[PDB]
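Colleague: Please find one structure pasted underneath; my questions will follow.
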Amino acid sequence: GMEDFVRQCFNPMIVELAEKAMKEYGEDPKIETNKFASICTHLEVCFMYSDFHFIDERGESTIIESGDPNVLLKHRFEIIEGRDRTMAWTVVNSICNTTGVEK
Amino acid sequence: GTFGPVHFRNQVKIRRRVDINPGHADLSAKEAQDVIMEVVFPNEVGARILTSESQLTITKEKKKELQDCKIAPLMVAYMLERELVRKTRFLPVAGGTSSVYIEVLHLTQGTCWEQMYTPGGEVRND
Amino acid sequence: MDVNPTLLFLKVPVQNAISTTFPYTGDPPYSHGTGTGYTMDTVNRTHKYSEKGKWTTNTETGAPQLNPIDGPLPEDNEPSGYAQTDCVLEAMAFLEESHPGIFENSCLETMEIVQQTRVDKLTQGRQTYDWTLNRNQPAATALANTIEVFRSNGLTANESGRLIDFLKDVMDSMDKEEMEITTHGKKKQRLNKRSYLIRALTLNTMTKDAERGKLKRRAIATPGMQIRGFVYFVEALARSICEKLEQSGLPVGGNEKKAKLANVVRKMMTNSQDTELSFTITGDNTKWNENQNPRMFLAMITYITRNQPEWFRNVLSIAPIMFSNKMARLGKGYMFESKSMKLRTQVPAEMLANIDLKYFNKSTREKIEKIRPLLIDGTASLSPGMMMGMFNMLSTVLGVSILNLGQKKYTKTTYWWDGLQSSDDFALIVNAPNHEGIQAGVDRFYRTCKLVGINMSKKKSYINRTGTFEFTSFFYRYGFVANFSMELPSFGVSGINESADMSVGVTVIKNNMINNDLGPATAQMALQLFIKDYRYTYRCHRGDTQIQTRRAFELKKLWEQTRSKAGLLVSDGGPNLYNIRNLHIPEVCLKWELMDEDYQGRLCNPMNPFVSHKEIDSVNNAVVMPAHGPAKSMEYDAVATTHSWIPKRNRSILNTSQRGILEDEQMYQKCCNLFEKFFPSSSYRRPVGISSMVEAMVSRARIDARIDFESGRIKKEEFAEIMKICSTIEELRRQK
RNA sequence: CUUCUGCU
RNA sequence: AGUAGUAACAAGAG
């Protein structure tokens with residue numbers, strides 16, 4: 001039906017993240033299939049918006065698809081989405097308290 | 001504090017709820033915890049946000065005062081909770097029921113005597 | 001000239017001098033040996049008091065059961081448990097009529113409680129029977145062991161963290177065909193459905209140590225983890241109901257209880273007609289627990305939960321159902337000796353069902369013979385009565401219902417009654433036009449109680465003119481009298497730690513001055529005696545003293561080095577500065593202005609190894625057990641100082657089979673203490689989340705490393721190392 | 001024997 | 001022996 005489509009058309013961690021979020025949200029993943037697919041698309045896009053993007057020593061944004069673990073690259077984007085509320089809001093406070101941007 | 005004469009009388013202490021920790025008059029339990037969390041664990045605050053001038057002023061003053069404090073955060077939170085959350089208990093009182101008077105209740109009001117005492121510092125207008 | 005202190009009562013009223021009649025300055029009578037004899041005697045007495053009931057055999061556990069409900073009416077003043085269901089229901093209905101909406105509102109609140117209660121709440125309390133080990137374990141340990149066992153058996157609904165889900169899991173486990181448990185050689189044991197049921201309804205039994213005012217010892221019981229879940233909701237409902245009952249003095253405590261009793265009694269005496277004679281009956285109820293049948297509590301729960309959702313009725317009624325099928329574990333067993341051969345031996349209680357009767361004395365032989373029919377797998381069936389019932393609030397509600405039934409609109413006669421009831425103790429006020437009316441009212445109240453099974457103890461009760469009585473050791477003589485002997489055990493060194501003892505001692509003196517009528521001169525002398533005992537107990541005598549102790553050298557050196565001797569804490573040999581003026585000020589703050597800066601810094605150094613901090617629920621809080629009543633949480637004001645250390649833990653488990661459990665505990669602490677280094681608010685507020693700890697800690701480490709890098713708190717090399725380690729941790733978890 | 005323990 | 005009193009201790013587990 002739909003759950004199989006999501007399993008076959010999304011990455012394992014993406015479907016895992018979406019389903020877990022569904023569990024913490026309250027809805028059953030096997031019943032609200034439209035919500036599940038919408039969540040998977042949202043999670044996926046959010047995570048893509050940070051894939052391969054890093055900041056070099058000059059502070060300039062660079063793109064590195066083949067990520068070298070020995071290169072001192074700082075990820076340009078930190079994904080608040082895909083984690084438990086608590087952890088996400090913890091990251092939010094850490095960013096606001098250090099950088100100073102309004103919460 | 002100032003000590004007056006001790007008068008022997010037939011003290012009649014009635015049991016009623018009295019203030020142990022007056023706390024902060026402009027903050028409720030929630031407001032107190034909100035400030036506590038924000039002052040001791042600024043990162044772990046969560047979705048809560050300060051929504052009052054009193055909360056903002058207290059948070060600013062405590063943060064200014066707790067600069068470079070190595071004391072265990074749990075003790076800091078416990079002490080802040082003591083100072084902020086209002087606490088009351090049923091005690092047999094004969095004199096004033098304010099916290100400044102209840103804390104020295106043992107010294108002031110006796111079973112057959114009363115010790116005129118005036119606690120130091122300022123007193124709440126209310 | 002034979003001196004006789006009792007003659008002092010010829011002038012001073014007994015109540016005003018009641019403290020004199022309390023021997024609490026002596027050691028309490030402890031219990032020696034096993035509690036098997038007392039448990040068997042309690043079971044035999046419980047079944048004898050209901051011997052005229054209906055005998056049945058359970059289809060699940062297979063053990064005999066006794067149903068005394070609706071049995072013959074009491075034909076003698078002998079204690080009887082044959083409660084009548086119609087009378088109990090009628091009493092509940094009249095209670096609801098006298099206080100309209102009490103059950104509806106109490107159910108609404110209790111319901112919400114049920115929705116919002118978490119599994120952690122079962123960690124509160126102590127000494128729960130862990131069915132996985134057949135031994136008493138701390139509530140947290142028994143809960144964790146039960147949860148781990150359930151998860152290994154497929155019961156995975158408790159992960160929601162709601163207590164109702166754990167109860168649901170308990171129900172499913174009850175329906176499980178076979179259960180798997182782990183033992184430690186980390187062996188695995190299989191339990192059939194019948195055996196599981198028996199060990200799930202089993203109640204462990206021990207002896208009530210250090211009980212005062214009683215000659216013969218008694219036996220108390222502790223339930224398992226399954227029962228505790230439903231018992232909590234039943235007690236919450238009973239508490240919510242009792243809060244609305246004027247005659248129920250159970251939920252309140254301390255001065256609040258005395259205030260409630262004084263107000264209630266005052267109003268009762270007031271509304272009484274000027275032309276109506278009044279009398280007061282004081283006395284306990286004989287064999288209270290042995291006669292309170294769980295079926296009656298089931299009936300009351302069903303009546304209270306009328307019109308409520310079926311799930312609420314089921315969850316509330318599960319507790320009485322399990323208690324009606326409860327089995328009491330006999331205990332440690334018995335001990336035999338041979339004088340000729342000069343050797344001792346112990347027979348476990350599980351062997352009493354098959355052991356020979358020639359080894360026991362006449363009394364124990366009779367007790368074994370009388371309990372043998374009810375002995376099932378080493379546990380005795382205990383359907384009748386309520387062995388050490390936790391339904392203190394429910395029983396209080398039933399007693400209050402009987403008390404409320406004495407209004408002039410229910411008696412339909414000139415006489416009427418009211419009063420106070422807490423657990424098994426009560427004080428009844430009867431108003432009647434004449435002595436004949438008083439007698440008729442007393443007889444009617446006694447007979448009605450018998451109807452419900454409650455039965456006043458004519459042995460330890462008396463009736464006098466209204467104005468003086470005793471209720472739960474509180475002596476009312478036109479006003480509650482301040483008894484001080486009851487608080488004597490609370491004096492002296494509490495024994496928490498070197499710092500908590502001082503604050504607790506001064507706090508106890510202050511509280512007794514405020515509440516228990518402690519005179520200022522007596523307070524001074526008490527303070528002196530307490531400081532002397534404190535010094536002799538912790539070996540913290542004054543530096544200038546010549547007393548020789550193994551700790552005298554360090555104290556002497558500290559005294560010589562310090563310039564301002566008065567600033568030293570008493571625990572460091574400093575002089576005592578307390579007095580009536582400052583019994584409420586912690587000693588650290590009291591001496592802060594006099595402490596030397598070097599010593600002040602050393603004593604309050606936050607990096608000191610002695611100070612340790614557990615959850616905030618256990619910060620500046622201690623458990624104190626007074627002469628009567630259960631343990632109470634006392635909060636004391638104390639500054640975190642090197643003196644606030646923790647005493648050594650018992651190591652007797654280090655040379656037993658269960659030593660592995662202690663090791664596991666160590667491992668758990670090793671993980672929880674590490675989590676505190678990642679999430680600082682873990683102790684102040686309970687962390688939440690479904691992710692594994694490792695995942696949360698690694699994520700937090702990555703976030704903190706980035707934030708520190710951006711802020712500059714760490715260098716590029718340190719950040720690279722951190723992530724490298726985080727990636728290694730993720731790989732380690734995946735590799736397994 | 002030695003090891004381990006005094007609430008388990 | 002003694003403690004003590006409805007059952008123990010007068011060491012216990014390796």
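The chains in the structure tokens are called A, B, ... from first to last as shown; in each chain the residues are counted from 1, and the ligands are counted from 1 in the order shown.
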Identify all residues of chain A in helix (DSSP H, G or I) (DSSP on the backbone) and supply them as an mmCIF file with N, CA, C and O atoms, in the first residue's frame.

Modeller:
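Full text of part18.cif as output:
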data_model
loop_
_atom_site.group_PDB
_atom_site.id
_atom_site.type_symbol
_atom_site.label_atom_id
_atom_site.label_comp_id
_atom_site.auth_asym_id
_atom_site.auth_seq_id
_atom_site.Cartn_x
_atom_site.Cartn_y
_atom_site.Cartn_z
ATOM 1 N N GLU A 3 3.007 2.073 3.288
ATOM 2 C CA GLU A 3 4.162 1.817 4.146
ATOM 3 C C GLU A 3 5.287 1.149 3.367
ATOM 4 O O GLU A 3 6.463 1.501 3.524
ATOM 5 N N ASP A 4 4.935 0.190 2.512
ATOM 6 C CA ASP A 4 5.922 -0.453 1.654
ATOM 7 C C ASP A 4 6.532 0.542 0.674
ATOM 8 O O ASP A 4 7.735 0.486 0.396
ATOM 9 N N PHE A 5 5.727 1.459 0.137
ATOM 10 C CA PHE A 5 6.259 2.480 -0.762
ATOM 11 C C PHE A 5 7.291 3.339 -0.035
ATOM 12 O O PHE A 5 8.381 3.597 -0.558
ATOM 13 N N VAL A 6 6.981 3.759 1.189
ATOM 14 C CA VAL A 6 7.938 4.550 1.955
ATOM 15 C C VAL A 6 9.202 3.745 2.228
ATOM 16 O O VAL A 6 10.317 4.265 2.091
ATOM 17 N N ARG A 7 9.064 2.478 2.621
ATOM 18 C CA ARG A 7 10.259 1.670 2.857
ATOM 19 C C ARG A 7 11.123 1.559 1.600
ATOM 20 O O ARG A 7 12.352 1.677 1.670
ATOM 21 N N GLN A 8 10.498 1.348 0.438
ATOM 22 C CA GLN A 8 11.201 1.206 -0.838
ATOM 23 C C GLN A 8 11.658 2.518 -1.469
ATOM 24 O O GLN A 8 12.527 2.485 -2.347
ATOM 25 N N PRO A 12 17.140 4.087 4.788
ATOM 26 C CA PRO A 12 16.791 3.412 6.053
ATOM 27 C C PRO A 12 16.715 4.337 7.258
ATOM 28 O O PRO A 12 15.689 4.368 7.948
ATOM 29 N N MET A 13 17.732 5.174 7.469
ATOM 30 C CA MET A 13 17.691 6.102 8.592
ATOM 31 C C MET A 13 16.565 7.112 8.448
ATOM 32 O O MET A 13 15.984 7.521 9.448
ATOM 33 N N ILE A 14 16.248 7.534 7.225
ATOM 34 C CA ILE A 14 15.167 8.500 7.024
ATOM 35 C C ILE A 14 13.830 7.922 7.476
ATOM 36 O O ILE A 14 13.069 8.577 8.207
ATOM 37 N N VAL A 15 13.528 6.693 7.066
ATOM 38 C CA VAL A 15 12.264 6.067 7.457
ATOM 39 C C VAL A 15 12.271 5.796 8.943
ATOM 40 O O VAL A 15 11.266 6.018 9.631
ATOM 41 N N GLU A 16 13.431 5.441 9.507
ATOM 42 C CA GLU A 16 13.613 5.205 10.923
ATOM 43 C C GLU A 16 13.364 6.477 11.725
ATOM 44 O O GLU A 16 12.630 6.488 12.714
ATOM 45 N N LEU A 17 13.909 7.587 11.233
ATOM 46 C CA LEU A 17 13.727 8.854 11.909
ATOM 47 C C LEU A 17 12.244 9.225 11.860
ATOM 48 O O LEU A 17 11.679 9.581 12.888
ATOM 49 N N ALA A 18 11.653 9.161 10.674
ATOM 50 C CA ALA A 18 10.253 9.573 10.526
ATOM 51 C C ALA A 18 9.349 8.758 11.462
ATOM 52 O O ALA A 18 8.492 9.302 12.160
ATOM 53 N N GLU A 19 9.505 7.421 11.429
ATOM 54 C CA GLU A 19 8.653 6.535 12.220
ATOM 55 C C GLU A 19 8.824 6.795 13.705
ATOM 56 O O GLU A 19 7.844 6.774 14.465
ATOM 57 N N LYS A 20 10.059 7.040 14.143
ATOM 58 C CA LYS A 20 10.283 7.288 15.562
ATOM 59 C C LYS A 20 9.559 8.562 15.959
ATOM 60 O O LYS A 20 8.923 8.634 17.022
ATOM 61 N N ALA A 21 9.701 9.602 15.131
ATOM 62 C CA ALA A 21 9.010 10.859 15.386
ATOM 63 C C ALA A 21 7.507 10.628 15.469
ATOM 64 O O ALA A 21 6.820 11.256 16.279
ATOM 65 N N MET A 22 6.974 9.761 14.605
ATOM 66 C CA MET A 22 5.556 9.423 14.671
ATOM 67 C C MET A 22 5.197 8.825 16.025
ATOM 68 O O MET A 22 4.168 9.169 16.618
ATOM 69 N N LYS A 23 6.044 7.925 16.523
ATOM 70 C CA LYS A 23 5.818 7.308 17.828
ATOM 71 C C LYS A 23 5.787 8.339 18.948
ATOM 72 O O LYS A 23 4.915 8.295 19.824
ATOM 73 N N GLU A 24 6.724 9.283 18.925
ATOM 74 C CA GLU A 24 6.745 10.337 19.937
ATOM 75 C C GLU A 24 5.645 11.371 19.727
ATOM 76 O O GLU A 24 5.306 12.098 20.667
ATOM 77 N N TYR A 25 5.094 11.459 18.521
ATOM 78 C CA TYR A 25 4.040 12.418 18.221
ATOM 79 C C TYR A 25 2.690 11.897 18.702
ATOM 80 O O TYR A 25 1.848 12.675 19.163
ATOM 81 N N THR A 33 -0.689 6.938 6.996
ATOM 82 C CA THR A 33 0.345 6.742 5.980
ATOM 83 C C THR A 33 0.691 8.028 5.232
ATOM 84 O O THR A 33 1.860 8.244 4.878
ATOM 85 N N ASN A 34 -0.294 8.898 5.000
ATOM 86 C CA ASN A 34 -0.019 10.165 4.327
ATOM 87 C C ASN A 34 0.911 11.025 5.175
ATOM 88 O O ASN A 34 1.881 11.605 4.667
ATOM 89 N N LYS A 35 0.641 11.097 6.477
ATOM 90 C CA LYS A 35 1.515 11.831 7.381
ATOM 91 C C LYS A 35 2.918 11.259 7.368
ATOM 92 O O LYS A 35 3.901 12.003 7.381
ATOM 93 N N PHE A 36 3.025 9.932 7.395
ATOM 94 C CA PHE A 36 4.327 9.282 7.381
ATOM 95 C C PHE A 36 5.120 9.682 6.139
ATOM 96 O O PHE A 36 6.301 10.031 6.234
ATOM 97 N N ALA A 37 4.498 9.619 4.959
ATOM 98 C CA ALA A 37 5.222 9.997 3.744
ATOM 99 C C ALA A 37 5.621 11.473 3.760
ATOM 100 O O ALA A 37 6.731 11.831 3.343
ATOM 101 N N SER A 38 4.721 12.347 4.226
ATOM 102 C CA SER A 38 5.032 13.777 4.316
ATOM 103 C C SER A 38 6.202 14.026 5.260
ATOM 104 O O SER A 38 7.087 14.846 4.984
ATOM 105 N N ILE A 39 6.217 13.323 6.385
ATOM 106 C CA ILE A 39 7.309 13.434 7.342
ATOM 107 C C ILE A 39 8.613 12.963 6.710
ATOM 108 O O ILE A 39 9.663 13.577 6.905
ATOM 109 N N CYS A 40 8.585 11.826 6.010
ATOM 110 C CA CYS A 40 9.806 11.339 5.366
ATOM 111 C C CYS A 40 10.341 12.332 4.341
ATOM 112 O O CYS A 40 11.548 12.594 4.303
ATOM 113 N N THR A 41 9.463 12.931 3.532
ATOM 114 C CA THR A 41 9.933 13.910 2.550
ATOM 115 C C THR A 41 10.532 15.111 3.270
ATOM 116 O O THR A 41 11.602 15.610 2.888
ATOM 117 N N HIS A 42 9.873 15.571 4.334
ATOM 118 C CA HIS A 42 10.350 16.739 5.067
ATOM 119 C C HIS A 42 11.712 16.448 5.683
ATOM 120 O O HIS A 42 12.684 17.149 5.392
ATOM 121 N N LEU A 43 11.817 15.371 6.462
ATOM 122 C CA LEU A 43 13.085 14.975 7.070
ATOM 123 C C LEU A 43 14.172 14.901 6.006
ATOM 124 O O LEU A 43 15.281 15.410 6.208
ATOM 125 N N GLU A 44 13.897 14.211 4.898
ATOM 126 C CA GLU A 44 14.897 14.027 3.852
ATOM 127 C C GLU A 44 15.405 15.381 3.380
ATOM 128 O O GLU A 44 16.618 15.603 3.291
ATOM 129 N N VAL A 45 14.489 16.283 3.011
ATOM 130 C CA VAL A 45 14.892 17.579 2.463
ATOM 131 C C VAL A 45 15.702 18.335 3.508
ATOM 132 O O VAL A 45 16.700 18.994 3.180
ATOM 133 N N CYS A 46 15.276 18.282 4.776
ATOM 134 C CA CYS A 46 15.987 19.019 5.819
ATOM 135 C C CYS A 46 17.414 18.512 5.884
ATOM 136 O O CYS A 46 18.361 19.301 5.948
ATOM 137 N N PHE A 47 17.589 17.189 5.859
ATOM 138 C CA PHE A 47 18.931 16.634 5.979
ATOM 139 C C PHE A 47 19.758 16.929 4.738
ATOM 140 O O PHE A 47 20.973 17.126 4.839
ATOM 141 N N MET A 48 19.125 16.963 3.568
ATOM 142 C CA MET A 48 19.847 17.293 2.344
ATOM 143 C C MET A 48 20.367 18.720 2.397
ATOM 144 O O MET A 48 21.467 19.007 1.911
ATOM 145 N N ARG A 85 12.627 16.067 20.499
ATOM 146 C CA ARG A 85 12.365 17.445 20.906
ATOM 147 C C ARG A 85 13.429 17.884 21.894
ATOM 148 O O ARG A 85 14.072 18.906 21.671
ATOM 149 N N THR A 86 13.526 17.210 23.048
ATOM 150 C CA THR A 86 14.455 17.618 24.099
ATOM 151 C C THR A 86 15.818 17.953 23.496
ATOM 152 O O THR A 86 16.331 19.055 23.677
ATOM 153 N N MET A 87 16.459 16.961 22.869
ATOM 154 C CA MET A 87 17.760 17.156 22.231
ATOM 155 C C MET A 87 17.760 18.312 21.233
ATOM 156 O O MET A 87 18.708 19.101 21.186
ATOM 157 N N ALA A 88 16.715 18.417 20.410
ATOM 158 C CA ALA A 88 16.632 19.504 19.437
ATOM 159 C C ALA A 88 16.622 20.865 20.118
ATOM 160 O O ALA A 88 17.335 21.788 19.714
ATOM 161 N N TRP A 89 15.749 20.999 21.122
ATOM 162 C CA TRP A 89 15.637 22.284 21.857
ATOM 163 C C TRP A 89 16.923 22.530 22.642
ATOM 164 O O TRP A 89 17.281 23.706 22.830
ATOM 165 N N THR A 90 17.587 21.461 23.089
ATOM 166 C CA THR A 90 18.896 21.633 23.770
ATOM 167 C C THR A 90 19.863 22.275 22.773
ATOM 168 O O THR A 90 20.518 23.269 23.144
ATOM 169 N N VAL A 91 19.914 21.743 21.547
ATOM 170 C CA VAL A 91 20.794 22.317 20.488
ATOM 171 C C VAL A 91 20.377 23.770 20.253
ATOM 172 O O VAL A 91 21.269 24.625 20.110
ATOM 173 N N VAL A 92 19.066 24.026 20.215
ATOM 174 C CA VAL A 92 18.565 25.407 19.958
ATOM 175 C C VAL A 92 19.155 26.334 21.024
ATOM 176 O O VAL A 92 19.735 27.360 20.638
ATOM 177 N N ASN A 93 19.043 25.962 22.301
ATOM 178 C CA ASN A 93 19.536 26.824 23.409
ATOM 179 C C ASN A 93 21.055 26.985 23.289
ATOM 180 O O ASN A 93 21.541 28.109 23.477
ATOM 181 N N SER A 94 21.766 25.898 22.981
ATOM 182 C CA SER A 94 23.245 25.955 22.851
ATOM 183 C C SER A 94 23.621 26.982 21.779
ATOM 184 O O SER A 94 24.568 27.759 22.010
ATOM 185 N N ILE A 95 22.897 26.984 20.656
ATOM 186 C CA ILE A 95 23.184 27.939 19.545
ATOM 187 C C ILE A 95 22.836 29.358 20.004
ATOM 188 O O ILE A 95 23.655 30.269 19.776
ATOM 189 N N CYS A 96 21.671 29.532 20.631
ATOM 190 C CA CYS A 96 21.215 30.885 21.046
ATOM 191 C C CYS A 96 22.149 31.429 22.130
ATOM 192 O O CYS A 96 22.578 32.601 22.008
ATOM 193 N N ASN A 97 22.451 30.616 23.148
ATOM 194 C CA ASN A 97 23.281 31.129 24.230
ATOM 195 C C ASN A 97 24.703 31.436 23.769
ATOM 196 O O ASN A 97 25.311 32.399 24.248
ATOM 197 N N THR A 98 25.261 30.649 22.847
ATOM 198 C CA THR A 98 26.627 30.947 22.418
ATOM 199 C C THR A 98 26.680 32.029 21.341
ATOM 200 O O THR A 98 27.342 33.056 21.515
ATOM 201 N N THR A 99 25.991 31.820 20.221
ATOM 202 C CA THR A 99 26.014 32.791 19.129
ATOM 203 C C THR A 99 25.323 34.094 19.514
ATOM 204 O O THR A 99 25.780 35.179 19.140
#

Colleague: Identify, on the basis of only C-alpha atoms (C1' of nucleotides), every residue whose closest approach to stretch 653-670 of chain C does not exceed 8 Å; exclude the query and any residue fewer than 3 positions from it along the same chain; express the result as number ranges by chain.

Modeller: C: 184, 650, 673-674; D: 4-5, 8; E: 13-14

Colleague: As a ChimeraX atom specification, please: the residues near stretch 22-36 of chain B (cut-off 9 Å, only C-alpha atoms (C1' of nucleotides), same-chain neighbours under 6 positions excluded).

Modeller: /B:45,48-52,54-56,58-59,76-77,80-88,98-100

Colleague: For the atom pair atom CA of residue C:454 and atom CA of residue C:284, what is the interatomic distance in Å to one decimal place?

Modeller: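 Separation of atom CA of residue C:454 and atom CA of residue C:284: 10.4 Å.
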
Colleague: Can you tell me which residues surround residue B:79 at a distance of at most 12 Å, considering only C-alpha atoms (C1' of nucleotides), apart from same-chain residues fewer than 5 positions away, and format the answer as a ChimeraX atom specification?

Modeller: /B:21,23,32-33,36,40,62,71-74,84-85 /C:616,619-620,637-640,684

Colleague: If you keep N, CA and C atoms, can you produce a file of those selected residues as a PDB file, in the first residue's frame?

Modeller:
ATOM      1  N   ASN B  21       9.394  29.742  53.819  1.00  0.00           N
ATOM      2  CA  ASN B  21      10.209  30.458  52.842  1.00  0.00           C
ATOM      3  C   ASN B  21       9.273  31.387  52.088  1.00  0.00           C
ATOM      4  N   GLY B  23       9.786  33.194  49.538  1.00  0.00           N
ATOM      5  CA  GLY B  23       9.998  33.136  48.108  1.00  0.00           C
ATOM      6  C   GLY B  23       9.989  34.526  47.499  1.00  0.00           C
ATOM      7  N   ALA B  32       9.464  30.671  39.059  1.00  0.00           N
ATOM      8  CA  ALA B  32      10.683  30.384  39.799  1.00  0.00           C
ATOM      9  C   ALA B  32      11.487  29.317  39.070  1.00  0.00           C
ATOM     10  N   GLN B  33      10.844  28.218  38.682  1.00  0.00           N
ATOM     11  CA  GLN B  33      11.591  27.161  38.004  1.00  0.00           C
ATOM     12  C   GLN B  33      12.170  27.680  36.694  1.00  0.00           C
ATOM     13  N   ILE B  36      15.207  29.535  37.539  1.00  0.00           N
ATOM     14  CA  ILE B  36      16.203  28.573  38.018  1.00  0.00           C
ATOM     15  C   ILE B  36      16.880  27.922  36.818  1.00  0.00           C
ATOM     16  N   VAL B  40      20.858  28.232  35.998  1.00  0.00           N
ATOM     17  CA  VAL B  40      21.769  27.130  36.289  1.00  0.00           C
ATOM     18  C   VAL B  40      22.064  26.283  35.059  1.00  0.00           C
ATOM     19  N   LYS B  62      21.124  37.089  38.923  1.00  0.00           N
ATOM     20  CA  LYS B  62      21.751  35.830  39.311  1.00  0.00           C
ATOM     21  C   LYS B  62      22.908  35.481  38.380  1.00  0.00           C
ATOM     22  N   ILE B  71      30.767  25.910  42.097  1.00  0.00           N
ATOM     23  CA  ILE B  71      29.946  25.119  42.998  1.00  0.00           C
ATOM     24  C   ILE B  71      29.121  24.153  42.156  1.00  0.00           C
ATOM     25  N   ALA B  72      28.800  23.008  42.746  1.00  0.00           N
ATOM     26  CA  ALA B  72      28.007  22.002  42.063  1.00  0.00           C
ATOM     27  C   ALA B  72      26.666  22.575  41.630  1.00  0.00           C
ATOM     28  N   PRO B  73      26.319  22.464  40.345  1.00  0.00           N
ATOM     29  CA  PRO B  73      25.065  23.041  39.851  1.00  0.00           C
ATOM     30  C   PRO B  73      23.846  22.567  40.602  1.00  0.00           C
ATOM     31  N   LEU B  74      23.839  21.325  41.074  1.00  0.00           N
ATOM     32  CA  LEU B  74      22.688  20.832  41.819  1.00  0.00           C
ATOM     33  C   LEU B  74      22.471  21.645  43.089  1.00  0.00           C
ATOM     34  N   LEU B  84      13.441  30.971  46.016  1.00  0.00           N
ATOM     35  CA  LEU B  84      12.359  31.428  45.150  1.00  0.00           C
ATOM     36  C   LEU B  84      11.006  30.769  45.388  1.00  0.00           C
ATOM     37  N   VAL B  85      10.940  29.442  45.434  1.00  0.00           N
ATOM     38  CA  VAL B  85       9.646  28.793  45.604  1.00  0.00           C
ATOM     39  C   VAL B  85       9.106  29.062  47.001  1.00  0.00           C
TER      40      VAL B  85
ATOM     41  N   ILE C 616      18.128  15.558  43.276  1.00  0.00           N
ATOM     42  CA  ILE C 616      17.684  16.653  44.140  1.00  0.00           C
ATOM     43  C   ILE C 616      16.670  16.173  45.170  1.00  0.00           C
ATOM     44  N   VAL C 619      18.627  15.617  48.320  1.00  0.00           N
ATOM     45  CA  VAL C 619      19.571  16.668  48.682  1.00  0.00           C
ATOM     46  C   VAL C 619      19.021  17.401  49.897  1.00  0.00           C
ATOM     47  N   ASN C 620      19.831  17.469  50.955  1.00  0.00           N
ATOM     48  CA  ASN C 620      19.442  18.088  52.224  1.00  0.00           C
ATOM     49  C   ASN C 620      18.140  17.525  52.795  1.00  0.00           C
ATOM     50  N   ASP C 637      18.684  22.387  56.870  1.00  0.00           N
ATOM     51  CA  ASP C 637      19.483  23.420  56.217  1.00  0.00           C
ATOM     52  C   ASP C 637      20.958  23.171  56.511  1.00  0.00           C
ATOM     53  N   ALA C 638      21.723  22.838  55.474  1.00  0.00           N
ATOM     54  CA  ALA C 638      23.149  22.587  55.619  1.00  0.00           C
ATOM     55  C   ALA C 638      23.885  22.993  54.350  1.00  0.00           C
ATOM     56  N   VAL C 639      25.063  23.582  54.534  1.00  0.00           N
ATOM     57  CA  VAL C 639      25.928  24.016  53.445  1.00  0.00           C
ATOM     58  C   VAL C 639      26.798  22.850  53.010  1.00  0.00           C
ATOM     59  N   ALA C 640      27.042  22.752  51.705  1.00  0.00           N
ATOM     60  CA  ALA C 640      27.919  21.717  51.166  1.00  0.00           C
ATOM     61  C   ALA C 640      29.342  21.953  51.648  1.00  0.00           C
ATOM     62  N   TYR C 684      18.632  17.548  38.427  1.00  0.00           N
ATOM     63  CA  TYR C 684      17.604  18.518  38.791  1.00  0.00           C
ATOM     64  C   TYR C 684      16.245  18.182  38.192  1.00  0.00           C
TER      65      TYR C 684
END

Colleague: Find the residues in chain B near chain C: any atom within 9 Å counts, using only C-alpha atoms. Write them as a ChimeraX atom specification.

Modeller: /B:14-17,37,40-41,44,70-75,77-78,89-93,103-107,109-111

Colleague: Could you find all residues in stretch 22-84 of chain A that DSSP calls strand (DSSP E or B) from the backbone, and write them as a list in words?

Modeller: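 The residues of stretch 22-84 of chain A classed as strand (DSSP E or B) are residues 53, 54, 55, 61, 62, 63, 74 and 75 of chain A.
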
Colleague: How would the residues just picked look written out with N, CA and C atoms as a short mmCIF file (atom, residue, chain, number, x, y, z; two decimals), in the first residue's frame?

Modeller:
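As written to disk, selection_3.cif reads:
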data_model
loop_
_atom_site.label_atom_id
_atom_site.label_comp_id
_atom_site.auth_asym_id
_atom_site.auth_seq_id
_atom_site.Cartn_x
_atom_site.Cartn_y
_atom_site.Cartn_z
N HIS A 53 28.01 20.31 2.59
CA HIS A 53 28.34 21.72 2.81
C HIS A 53 29.21 21.90 4.05
N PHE A 54 30.37 22.53 3.88
CA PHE A 54 31.32 22.75 4.97
C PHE A 54 31.84 24.17 4.93
N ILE A 55 32.52 24.55 6.01
CA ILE A 55 33.17 25.85 6.15
C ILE A 55 34.68 25.63 6.26
N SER A 61 32.10 29.08 2.52
CA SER A 61 31.31 27.87 2.36
C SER A 61 31.77 27.08 1.14
N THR A 62 32.15 25.82 1.35
CA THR A 62 32.59 24.94 0.28
C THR A 62 31.71 23.70 0.25
N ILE A 63 31.74 23.00 -0.88
CA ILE A 63 30.98 21.77 -1.07
C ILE A 63 31.96 20.64 -1.33
N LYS A 74 34.29 22.10 8.95
CA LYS A 74 33.23 22.33 9.92
C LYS A 74 31.92 22.36 9.14
N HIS A 75 30.96 21.51 9.51
CA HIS A 75 29.70 21.50 8.78
C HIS A 75 29.02 22.86 8.84
#
